[PDB]
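Novice: My file is input-v6.pdb. It has PDB, C-alpha atoms:
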ATOM      1  CA  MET B   1     -21.340  44.915 -24.180  1.00  0.00           C
ATOM      2  CA  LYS B   2     -19.281  42.292 -22.329  1.00  0.00           C
ATOM      3  CA  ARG B   3     -20.984  40.536 -19.418  1.00  0.00           C
ATOM      4  CA  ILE B   4     -19.154  40.009 -16.121  1.00  0.00           C
ATOM      5  CA  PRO B   5     -19.999  36.670 -14.443  1.00  0.00           C
ATOM      6  CA  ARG B   6     -21.136  36.805 -10.827  1.00  0.00           C
ATOM      7  CA  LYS B   7     -19.082  35.523  -7.900  1.00  0.00           C
ATOM      8  CA  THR B   8     -22.005  34.107  -5.910  1.00  0.00           C
ATOM      9  CA  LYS B   9     -25.603  33.011  -6.345  1.00  0.00           C
ATOM     10  CA  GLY B  10     -28.569  34.994  -5.096  1.00  0.00           C
ATOM     11  CA  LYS B  11     -32.218  35.096  -6.104  1.00  0.00           C
ATOM     12  CA  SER B  12     -33.094  32.474  -8.735  1.00  0.00           C
ATOM     13  CA  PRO B  40      12.319  53.801 -41.614  1.00  0.00           C
ATOM     14  CA  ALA B  41      14.791  52.356 -39.120  1.00  0.00           C
ATOM     15  CA  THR B  42      13.788  51.226 -35.637  1.00  0.00           C
ATOM     16  CA  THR B  43      15.517  49.831 -32.484  1.00  0.00           C
ATOM     17  CA  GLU B  44      16.492  53.139 -30.922  1.00  0.00           C
ATOM     18  CA  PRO B  45      19.764  52.884 -28.951  1.00  0.00           C
ATOM     19  CA  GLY B  46      19.717  51.860 -25.309  1.00  0.00           C
ATOM     20  CA  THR B  47      16.900  49.309 -25.647  1.00  0.00           C
ATOM     21  CA  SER B  48      19.124  46.242 -25.254  1.00  0.00           C
ATOM     22  CA  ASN B  49      18.889  43.944 -22.215  1.00  0.00           C
ATOM     23  CA  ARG B  50      22.416  43.171 -21.004  1.00  0.00           C
ATOM     24  CA  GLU B  51      22.221  44.313 -17.372  1.00  0.00           C
ATOM     25  CA  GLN B  52      22.248  41.442 -14.870  1.00  0.00           C
ATOM     26  CA  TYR B  53      21.326  42.501 -11.330  1.00  0.00           C
ATOM     27  CA  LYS B  54      20.590  40.119  -8.452  1.00  0.00           C
ATOM     28  CA  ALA B  55      18.261  41.837  -5.996  1.00  0.00           C
ATOM     29  CA  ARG B  56      18.878  41.429  -2.274  1.00  0.00           C
ATOM     30  CA  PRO B  57      16.524  40.507  -0.762  1.00  0.00           C
ATOM     31  CA  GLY B  58      15.240  38.450  -3.674  1.00  0.00           C
ATOM     32  CA  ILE B  59      11.953  39.323  -5.332  1.00  0.00           C
ATOM     33  CA  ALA B  60      10.455  35.828  -5.180  1.00  0.00           C
ATOM     34  CA  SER B  61      11.151  35.484  -1.455  1.00  0.00           C
ATOM     35  CA  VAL B  62       9.394  38.764  -0.647  1.00  0.00           C
ATOM     36  CA  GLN B  63       6.261  38.074  -2.707  1.00  0.00           C
ATOM     37  CA  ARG B  64       5.629  34.721  -1.023  1.00  0.00           C
ATOM     38  CA  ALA B  65       5.717  36.359   2.408  1.00  0.00           C
ATOM     39  CA  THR B  66       3.430  39.228   1.399  1.00  0.00           C
ATOM     40  CA  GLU B  67       0.855  36.866  -0.118  1.00  0.00           C
ATOM     41  CA  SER B  68       0.155  35.379   3.315  1.00  0.00           C
ATOM     42  CA  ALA B  69       0.000  38.807   4.962  1.00  0.00           C
ATOM     43  CA  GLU B  70      -2.715  40.185   2.678  1.00  0.00           C
ATOM     44  CA  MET B  71      -5.107  37.340   3.506  1.00  0.00           C
ATOM     45  CA  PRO B  72      -8.452  38.591   4.868  1.00  0.00           C
ATOM     46  CA  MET B  73      -9.588  37.635   8.345  1.00  0.00           C
ATOM     47  CA  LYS B  74     -11.726  34.606   9.162  1.00  0.00           C
ATOM     48  CA  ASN B  75     -15.522  34.867   9.404  1.00  0.00           C
ATOM     49  CA  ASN B  76     -16.664  34.332  12.997  1.00  0.00           C
ATOM     50  CA  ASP B  77     -20.406  33.916  12.459  1.00  0.00           C
ATOM     51  CA  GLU B  78     -20.994  31.542  15.384  1.00  0.00           C
ATOM     52  CA  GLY B  79     -23.906  32.547  17.592  1.00  0.00           C
ATOM     53  CA  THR B  80     -25.709  34.531  14.878  1.00  0.00           C
ATOM     54  CA  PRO B  81     -29.147  33.599  13.498  1.00  0.00           C
ATOM     55  CA  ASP B  82     -29.725  31.927  10.139  1.00  0.00           C
ATOM     56  CA  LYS B  83     -32.076  32.113   7.176  1.00  0.00           C
ATOM     57  CA  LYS B  84     -34.963  30.774   9.297  1.00  0.00           C
ATOM     58  CA  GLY B  85     -33.900  32.352  12.606  1.00  0.00           C
ATOM     59  CA  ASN B  86     -32.116  29.406  14.251  1.00  0.00           C
ATOM     60  CA  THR B  87     -28.830  30.262  15.950  1.00  0.00           C
ATOM     61  CA  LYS B  88     -25.822  28.814  14.134  1.00  0.00           C
ATOM     62  CA  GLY B  89     -23.095  26.857  15.891  1.00  0.00           C
ATOM     63  CA  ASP B  90     -22.763  23.888  18.194  1.00  0.00           C
ATOM     64  CA  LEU B  91     -24.186  23.527  21.710  1.00  0.00           C
ATOM     65  CA  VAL B  92     -21.099  24.159  23.852  1.00  0.00           C
ATOM     66  CA  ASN B  93     -20.775  26.043  27.128  1.00  0.00           C
ATOM     67  CA  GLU B  94     -19.663  29.670  26.894  1.00  0.00           C
ATOM     68  CA  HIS B  95     -16.611  29.202  29.125  1.00  0.00           C
ATOM     69  CA  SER B  96     -15.364  25.929  27.644  1.00  0.00           C
ATOM     70  CA  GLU B  97     -15.778  27.280  24.107  1.00  0.00           C
ATOM     71  CA  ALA B  98     -13.004  29.831  24.662  1.00  0.00           C
ATOM     72  CA  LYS B  99     -10.585  27.243  26.063  1.00  0.00           C
ATOM     73  CA  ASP B 100     -11.065  24.886  23.110  1.00  0.00           C
ATOM     74  CA  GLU B 101     -10.443  27.728  20.658  1.00  0.00           C
ATOM     75  CA  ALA B 102      -7.182  28.502  22.466  1.00  0.00           C
ATOM     76  CA  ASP B 103      -5.942  24.936  21.969  1.00  0.00           C
ATOM     77  CA  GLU B 104      -6.634  25.113  18.228  1.00  0.00           C
ATOM     78  CA  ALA B 105      -4.523  28.262  17.878  1.00  0.00           C
ATOM     79  CA  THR B 106      -1.503  26.702  19.593  1.00  0.00           C
ATOM     80  CA  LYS B 107      -1.850  23.513  17.544  1.00  0.00           C
ATOM     81  CA  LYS B 108      -2.048  25.543  14.333  1.00  0.00           C
ATOM     82  CA  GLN B 109       0.860  27.737  15.442  1.00  0.00           C
ATOM     83  CA  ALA B 110       3.091  24.694  15.962  1.00  0.00           C
ATOM     84  CA  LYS B 111       2.234  23.363  12.499  1.00  0.00           C
ATOM     85  CA  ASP B 112       3.083  26.680  10.829  1.00  0.00           C
ATOM     86  CA  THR B 113       6.564  26.558  12.377  1.00  0.00           C
ATOM     87  CA  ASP B 114       6.827  22.826  11.520  1.00  0.00           C
ATOM     88  CA  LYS B 115       7.622  21.901  15.128  1.00  0.00           C
ATOM     89  CA  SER B 116       6.267  19.477  17.708  1.00  0.00           C
ATOM     90  CA  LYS B 117       5.057  22.437  19.763  1.00  0.00           C
ATOM     91  CA  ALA B 118       5.312  26.179  19.203  1.00  0.00           C
ATOM     92  CA  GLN B 119       7.346  28.584  21.303  1.00  0.00           C
ATOM     93  CA  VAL B 120       4.390  30.983  21.074  1.00  0.00           C
ATOM     94  CA  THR B 121       1.302  29.587  22.807  1.00  0.00           C
ATOM     95  CA  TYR B 122      -2.210  30.993  23.246  1.00  0.00           C
ATOM     96  CA  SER B 123      -3.091  28.467  25.964  1.00  0.00           C
ATOM     97  CA  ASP B 124      -1.837  27.579  29.448  1.00  0.00           C
ATOM     98  CA  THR B 125      -0.282  30.999  30.035  1.00  0.00           C
ATOM     99  CA  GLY B 126       0.477  32.271  33.515  1.00  0.00           C
ATOM    100  CA  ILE B 127      -2.592  34.508  33.329  1.00  0.00           C
ATOM    101  CA  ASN B 128      -5.843  33.429  35.014  1.00  0.00           C
ATOM    102  CA  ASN B 129      -8.551  34.029  32.396  1.00  0.00           C
ATOM    103  CA  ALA B 130     -11.233  32.088  34.241  1.00  0.00           C
ATOM    104  CA  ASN B 131     -13.950  34.644  33.419  1.00  0.00           C
ATOM    105  CA  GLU B 132     -13.310  34.732  29.657  1.00  0.00           C
ATOM    106  CA  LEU B 133     -16.274  34.124  27.354  1.00  0.00           C
ATOM    107  CA  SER B 134     -16.554  33.412  23.636  1.00  0.00           C
ATOM    108  CA  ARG B 135     -19.532  33.217  21.298  1.00  0.00           C
ATOM    109  CA  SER B 136     -21.282  29.886  20.797  1.00  0.00           C
ATOM    110  CA  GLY B 137     -24.560  28.496  19.501  1.00  0.00           C
ATOM    111  CA  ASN B 138     -25.784  27.550  22.981  1.00  0.00           C
ATOM    112  CA  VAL B 139     -27.620  30.839  23.658  1.00  0.00           C
ATOM    113  CA  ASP B 140     -30.110  32.745  21.512  1.00  0.00           C
ATOM    114  CA  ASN B 141     -30.665  36.484  21.017  1.00  0.00           C
ATOM    115  CA  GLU B 142     -33.350  36.740  23.711  1.00  0.00           C
ATOM    116  CA  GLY B 143     -30.909  35.389  26.300  1.00  0.00           C
ATOM    117  CA  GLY B 144     -32.457  31.936  26.670  1.00  0.00           C
ATOM    118  CA  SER B 145     -31.067  28.474  26.070  1.00  0.00           C
ATOM    119  CA  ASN B 146     -31.084  26.637  22.739  1.00  0.00           C
ATOM    120  CA  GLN B 147     -31.954  23.208  24.147  1.00  0.00           C
ATOM    121  CA  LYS B 148     -34.739  23.322  21.552  1.00  0.00           C
ATOM    122  CA  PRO B 149     -34.466  25.156  18.204  1.00  0.00           C
ATOM    123  CA  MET B 150     -36.175  28.537  18.007  1.00  0.00           C
ATOM    124  CA  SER B 151     -38.240  27.451  15.003  1.00  0.00           C
ATOM    125  CA  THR B 152     -39.480  24.397  16.908  1.00  0.00           C
ATOM    126  CA  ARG B 153     -40.521  26.567  19.858  1.00  0.00           C
ATOM    127  CA  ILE B 154     -42.672  28.801  17.645  1.00  0.00           C
ATOM    128  CA  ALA B 155     -44.475  25.863  16.024  1.00  0.00           C
ATOM    129  CA  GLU B 156     -45.455  24.302  19.356  1.00  0.00           C
ATOM    130  CA  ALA B 157     -46.700  27.600  20.791  1.00  0.00           C
ATOM    131  CA  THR B 158     -48.896  28.436  17.800  1.00  0.00           C
ATOM    132  CA  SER B 159     -50.320  24.910  17.593  1.00  0.00           C
ATOM    133  CA  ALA B 160     -51.845  25.143  21.076  1.00  0.00           C
ATOM    134  CA  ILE B 161     -54.559  27.484  19.742  1.00  0.00           C
ATOM    135  CA  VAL B 162     -55.688  25.514  16.681  1.00  0.00           C
ATOM    136  CA  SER B 163     -59.380  24.697  16.273  1.00  0.00           C
ATOM    137  CA  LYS B 164     -60.996  22.179  13.940  1.00  0.00           C
ATOM    138  CA  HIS B 165     -64.248  21.730  12.062  1.00  0.00           C
ATOM    139  CA  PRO B 166     -67.271  20.550  14.073  1.00  0.00           C
ATOM    140  CA  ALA B 167     -68.555  17.048  13.414  1.00  0.00           C
TER
ATOM    141  CA  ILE H 422      33.535   7.262 -16.518  1.00  0.00           C
ATOM    142  CA  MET H 423      32.290   3.786 -17.444  1.00  0.00           C
ATOM    143  CA  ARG H 424      32.789   4.503 -21.148  1.00  0.00           C
ATOM    144  CA  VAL H 425      36.314   5.853 -20.644  1.00  0.00           C
ATOM    145  CA  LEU H 426      37.270   2.887 -18.458  1.00  0.00           C
ATOM    146  CA  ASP H 427      35.835   0.384 -20.944  1.00  0.00           C
ATOM    147  CA  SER H 428      37.784   2.089 -23.748  1.00  0.00           C
ATOM    148  CA  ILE H 429      41.156   1.096 -22.200  1.00  0.00           C
ATOM    149  CA  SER H 430      43.311  -1.917 -23.113  1.00  0.00           C
ATOM    150  CA  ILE H 431      47.078  -1.996 -22.667  1.00  0.00           C
ATOM    151  CA  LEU H 432      48.614  -5.466 -22.991  1.00  0.00           C
ATOM    152  CA  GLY H 433      45.607  -6.962 -24.750  1.00  0.00           C
ATOM    153  CA  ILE H 434      44.094  -7.168 -21.258  1.00  0.00           C
ATOM    154  CA  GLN H 435      41.213  -4.666 -21.614  1.00  0.00           C
ATOM    155  CA  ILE H 436      41.152  -3.476 -18.020  1.00  0.00           C
ATOM    156  CA  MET H 437      37.659  -2.790 -16.625  1.00  0.00           C
ATOM    157  CA  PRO H 438      35.248  -4.320 -19.145  1.00  0.00           C
ATOM    158  CA  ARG H 439      31.782  -2.824 -18.852  1.00  0.00           C
ATOM    159  CA  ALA H 440      30.432  -6.307 -18.096  1.00  0.00           C
ATOM    160  CA  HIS H 441      32.525  -6.449 -14.895  1.00  0.00           C
ATOM    161  CA  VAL H 442      30.889  -3.408 -13.256  1.00  0.00           C
ATOM    162  CA  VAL H 443      27.361  -2.862 -11.949  1.00  0.00           C
ATOM    163  CA  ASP H 444      25.652   0.507 -11.568  1.00  0.00           C
ATOM    164  CA  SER H 445      23.772   1.675  -8.478  1.00  0.00           C
ATOM    165  CA  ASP H 446      20.381   1.345 -10.215  1.00  0.00           C
ATOM    166  CA  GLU H 447      20.095  -2.356 -11.131  1.00  0.00           C
ATOM    167  CA  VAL H 448      18.929  -3.230  -7.612  1.00  0.00           C
ATOM    168  CA  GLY H 449      16.145  -0.670  -7.886  1.00  0.00           C
ATOM    169  CA  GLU H 450      15.234  -1.798 -11.397  1.00  0.00           C
ATOM    170  CA  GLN H 451      14.916  -5.459 -10.370  1.00  0.00           C
ATOM    171  CA  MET H 452      11.937  -4.723  -8.107  1.00  0.00           C
ATOM    172  CA  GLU H 453       8.662  -4.978 -10.020  1.00  0.00           C
ATOM    173  CA  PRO H 454       7.681  -1.543  -8.702  1.00  0.00           C
ATOM    174  CA  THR H 455      11.104   0.065  -9.017  1.00  0.00           C
ATOM    175  CA  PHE H 456      12.313   2.275  -6.195  1.00  0.00           C
ATOM    176  CA  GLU H 457      11.903   5.598  -7.997  1.00  0.00           C
ATOM    177  CA  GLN H 458       8.204   5.275  -8.848  1.00  0.00           C
ATOM    178  CA  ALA H 459       7.830   3.552  -5.481  1.00  0.00           C
ATOM    179  CA  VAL H 460       8.976   6.716  -3.703  1.00  0.00           C
ATOM    180  CA  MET H 461       6.869   8.895  -5.997  1.00  0.00           C
ATOM    181  CA  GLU H 462       3.824   8.072  -3.821  1.00  0.00           C
ATOM    182  CA  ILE H 463       5.087   9.766  -0.644  1.00  0.00           C
ATOM    183  CA  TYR H 464       2.578  12.498  -1.503  1.00  0.00           C
ATOM    184  CA  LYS H 465      -0.170  10.013  -0.635  1.00  0.00           C
ATOM    185  CA  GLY H 466       1.343   9.491   2.810  1.00  0.00           C
ATOM    186  CA  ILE H 467       2.092  13.140   3.548  1.00  0.00           C
ATOM    187  CA  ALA H 468      -0.760  15.296   4.843  1.00  0.00           C
ATOM    188  CA  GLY H 469      -1.915  18.401   2.988  1.00  0.00           C
ATOM    189  CA  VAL H 470      -0.145  17.568  -0.294  1.00  0.00           C
ATOM    190  CA  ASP H 471      -2.071  16.112  -3.234  1.00  0.00           C
ATOM    191  CA  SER H 472       0.626  15.606  -5.886  1.00  0.00           C
ATOM    192  CA  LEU H 473       4.307  15.042  -6.522  1.00  0.00           C
ATOM    193  CA  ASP H 474       4.522  18.460  -8.195  1.00  0.00           C
ATOM    194  CA  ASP H 475       3.157  20.483  -5.287  1.00  0.00           C
ATOM    195  CA  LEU H 476       5.084  18.201  -2.935  1.00  0.00           C
ATOM    196  CA  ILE H 477       8.253  19.396  -4.668  1.00  0.00           C
ATOM    197  CA  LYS H 478       7.035  22.997  -4.567  1.00  0.00           C
ATOM    198  CA  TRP H 479       6.334  22.652  -0.833  1.00  0.00           C
ATOM    199  CA  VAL H 480       9.621  20.977   0.108  1.00  0.00           C
ATOM    200  CA  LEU H 481      11.911  23.162  -1.999  1.00  0.00           C
ATOM    201  CA  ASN H 482      12.515  26.892  -1.639  1.00  0.00           C
ATOM    202  CA  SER H 483      12.381  29.538  -4.364  1.00  0.00           C
ATOM    203  CA  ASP H 484      16.194  29.233  -4.520  1.00  0.00           C
ATOM    204  CA  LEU H 485      16.026  25.434  -5.002  1.00  0.00           C
ATOM    205  CA  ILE H 486      17.241  24.727  -1.461  1.00  0.00           C
ATOM    206  CA  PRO H 487      15.415  22.228   0.836  1.00  0.00           C
ATOM    207  CA  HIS H 488      13.806  23.606   4.038  1.00  0.00           C
ATOM    208  CA  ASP H 489      15.342  21.518   6.872  1.00  0.00           C
ATOM    209  CA  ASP H 490      12.014  20.960   8.714  1.00  0.00           C
ATOM    210  CA  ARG H 491      10.120  19.903   5.542  1.00  0.00           C
ATOM    211  CA  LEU H 492      13.049  17.689   4.413  1.00  0.00           C
ATOM    212  CA  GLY H 493      13.120  15.978   7.841  1.00  0.00           C
ATOM    213  CA  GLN H 494       9.406  15.098   7.539  1.00  0.00           C
ATOM    214  CA  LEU H 495      10.053  13.765   4.020  1.00  0.00           C
ATOM    215  CA  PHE H 496      13.013  11.804   5.388  1.00  0.00           C
ATOM    216  CA  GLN H 497      10.741  10.448   8.130  1.00  0.00           C
ATOM    217  CA  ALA H 498       8.430   9.141   5.412  1.00  0.00           C
ATOM    218  CA  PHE H 499      11.281   7.905   3.196  1.00  0.00           C
ATOM    219  CA  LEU H 500      13.291   5.921   5.753  1.00  0.00           C
ATOM    220  CA  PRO H 501      10.860   2.961   6.150  1.00  0.00           C
ATOM    221  CA  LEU H 502      10.694   2.201   2.419  1.00  0.00           C
ATOM    222  CA  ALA H 503      14.475   2.350   2.030  1.00  0.00           C
ATOM    223  CA  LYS H 504      14.833   0.182   5.140  1.00  0.00           C
ATOM    224  CA  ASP H 505      12.363  -2.684   4.571  1.00  0.00           C
ATOM    225  CA  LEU H 506      12.054  -3.005   0.772  1.00  0.00           C
ATOM    226  CA  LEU H 507      15.434  -2.199  -0.758  1.00  0.00           C
ATOM    227  CA  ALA H 508      17.544  -3.986   1.860  1.00  0.00           C
ATOM    228  CA  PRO H 509      16.495  -7.647   1.263  1.00  0.00           C
ATOM    229  CA  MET H 510      16.598  -7.313  -2.523  1.00  0.00           C
ATOM    230  CA  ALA H 511      20.028  -5.705  -2.224  1.00  0.00           C
ATOM    231  CA  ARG H 512      21.156  -8.584   0.000  1.00  0.00           C
ATOM    232  CA  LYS H 513      20.029 -11.117  -2.599  1.00  0.00           C
ATOM    233  CA  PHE H 514      21.651  -9.174  -5.443  1.00  0.00           C
ATOM    234  CA  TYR H 515      25.016  -8.806  -3.724  1.00  0.00           C
ATOM    235  CA  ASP H 516      24.925 -12.458  -2.644  1.00  0.00           C
ATOM    236  CA  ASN H 517      24.353 -13.896  -6.105  1.00  0.00           C
ATOM    237  CA  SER H 518      26.761 -11.362  -7.626  1.00  0.00           C
ATOM    238  CA  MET H 519      29.469 -12.527  -5.209  1.00  0.00           C
ATOM    239  CA  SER H 520      28.646 -16.136  -6.062  1.00  0.00           C
ATOM    240  CA  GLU H 521      28.869 -15.354  -9.780  1.00  0.00           C
ATOM    241  CA  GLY H 522      32.185 -13.505  -9.633  1.00  0.00           C
ATOM    242  CA  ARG H 523      34.209 -10.515  -8.482  1.00  0.00           C
ATOM    243  CA  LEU H 524      32.771  -7.221  -9.728  1.00  0.00           C
ATOM    244  CA  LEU H 525      32.929  -3.496  -9.038  1.00  0.00           C
ATOM    245  CA  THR H 526      29.754  -2.179  -7.406  1.00  0.00           C
TER
END
Could you write out this structure as structure tokens?
Specialist:
Amino acid sequence: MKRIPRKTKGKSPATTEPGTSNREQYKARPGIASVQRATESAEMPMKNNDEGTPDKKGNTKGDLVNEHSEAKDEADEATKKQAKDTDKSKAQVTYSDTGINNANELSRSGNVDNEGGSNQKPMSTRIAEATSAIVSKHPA
Amino acid sequence: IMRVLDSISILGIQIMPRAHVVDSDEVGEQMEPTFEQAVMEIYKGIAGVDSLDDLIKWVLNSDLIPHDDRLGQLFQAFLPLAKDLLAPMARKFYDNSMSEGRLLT
């Protein structure tokens, strides 16, 4: 009974029949090694976009950035990454500064909560203050 | 080639003694950190690469051919060291060699 370790943490007679020799020498085109390297990058899974979702205690994850400006910053990262992948100063393919007018675009951020309010104060902090307003103490 | 040339003597002249020629590596060897192990730290300068081995794997293709873009970056890193360290030592070496005698370099 062989245990499998977990990925993550949770709670707590003659022989040599004829024709078996190796004398064929074939050079594949395209080469095997070239193809495998390309297909390794393709089979990569997609990135986790968990920004704007709650956490273990209920506080929204992510930074406090405006909804509109968050999308524009993410566009600049893609172009910068795209240029690096092609090993160029800039990339021919750009996700930012296109001719299109995407002024109304929105992207997820940690500025807003699930109820639709602002996260100027953490959700956990808001609960503690509200419940403390009703506390009573022992008489003298 | 050096051995074959040194093994020649016609009229008791012994053309091209080994002592009258200098290789291309003495200048590098004179430096206390010699040029080869000096250039083996370009992986420190380059971003995203943590060793000489994976630097080589990154720069070279599966067919042992250098990607032009990667090579150019490596050349960008290499040019300063070849320009500001090797040049003065080479100047000194060629100067005192010329003062000492006529040699093949």
Novice: What is the distance between atom CA of residue 500 of chain H and atom CA of residue 463 of chain H, in Å to one decimal?
Specialist: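 Atom-to-atom, atom CA of residue 500 of chain H to atom CA of residue 463 of chain H, that is 11.1 Å.
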Novice: Please report as CSV every residue of chain B lying within 7 Å of chain H, along with the nearest atom pair and their distance in Å (one decimal), using only C-alpha atoms.
Specialist:
residue,atom,partner,partner_atom,distance
B:60,CA,H:483,CA,6.6
B:61,CA,H:483,CA,6.7
B:114,CA,H:490,CA,6.2
Novice: Show me, as a list in words, the residues that have an atom within 10 Å of residue 479 of chain H when counting all atoms listed in the file, minus same-chain residues fewer than 6 positions from it.
Specialist: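 The neighbour list is residues 470, 473, 487, 488, 491 and 492 of chain H.
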Novice: So that I have them on file, write out the residues from the current selection with C-alpha atoms, as an mmCIF file, in the frame of the given file.
Specialist:
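Writing the result to part.cif gives the following:
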data_model
loop_
_atom_site.group_PDB
_atom_site.id
_atom_site.type_symbol
_atom_site.label_atom_id
_atom_site.label_comp_id
_atom_site.auth_asym_id
_atom_site.auth_seq_id
_atom_site.Cartn_x
_atom_site.Cartn_y
_atom_site.Cartn_z
ATOM 1 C CA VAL H 470 -0.145 17.568 -0.294
ATOM 2 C CA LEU H 473 4.307 15.042 -6.522
ATOM 3 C CA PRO H 487 15.415 22.228 0.836
ATOM 4 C CA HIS H 488 13.806 23.606 4.038
ATOM 5 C CA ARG H 491 10.120 19.903 5.542
ATOM 6 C CA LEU H 492 13.049 17.689 4.413
#
Novice: Would you write out, as a tab-separated table (two decimals) with C-alpha atoms, in the frame of the given file, every residue that the PyMOL selection byres ((chain B and resi 93) around 10) captures in this file?
Specialist:
chain	number	residue	atom	x	y	z
B	90	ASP	CA	-22.76	23.89	18.19
B	91	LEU	CA	-24.19	23.53	21.71
B	92	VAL	CA	-21.10	24.16	23.85
B	94	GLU	CA	-19.66	29.67	26.89
B	95	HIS	CA	-16.61	29.20	29.12
B	96	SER	CA	-15.36	25.93	27.64
B	97	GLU	CA	-15.78	27.28	24.11
B	98	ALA	CA	-13.00	29.83	24.66
B	133	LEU	CA	-16.27	34.12	27.35
B	134	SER	CA	-16.55	33.41	23.64
B	135	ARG	CA	-19.53	33.22	21.30
B	136	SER	CA	-21.28	29.89	20.80
B	137	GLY	CA	-24.56	28.50	19.50
B	138	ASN	CA	-25.78	27.55	22.98
B	139	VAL	CA	-27.62	30.84	23.66
Novice: To verify the selection step, state as a list in words which residues the PyMOL selection byres ((chain H and resi 452) around 12) yields on this input.
Specialist: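 For this structure, the PyMOL selection byres ((chain H and resi 452) around 12) captures residues 446, 447, 448, 449, 450, 451, 453, 454, 455, 456, 457, 458, 459, 506, 507, 508, 509, 510, 511, 513 and 514 of chain H.
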Novice: Could you please give me, as a VMD selection string, the residues of protein, DNA or RNA lying at most 8 Å from (38.0, -6.1, -18.7) in the coordinate frame of the file, considering all atoms listed in the file?
Specialist: chain H and resid 427 434 to 441
Novice: Between atom CA of residue 123 of chain B and atom CA of residue 146 of chain B, what is the distance in Å, rounded to a tenth?
Specialist: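 Atom CA of residue 146 of chain B lies at a distance of 28.2 Å from atom CA of residue 123 of chain B.
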Novice: How far is it from atom CA of residue 84 of chain B to atom CA of residue 151 of chain B, in Å with one decimal?
Specialist: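 So the two atoms, atom CA of residue 84 of chain B and atom CA of residue 151 of chain B, lie 7.4 Å apart.
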Novice: Counting all atoms listed in the file, which residues have an atom no more than 10 Å from (-1.5, 29.3, 18.1) in the file's coordinates? Please list them as an NGL selection string.
Specialist: :B and (101-112 or 117-123)
Novice: Return the single residue from B:59, B:41, B:154, B:69 that is closest to residue 85 of chain B, with distances computed using all atoms listed in the file.
Specialist: B:154
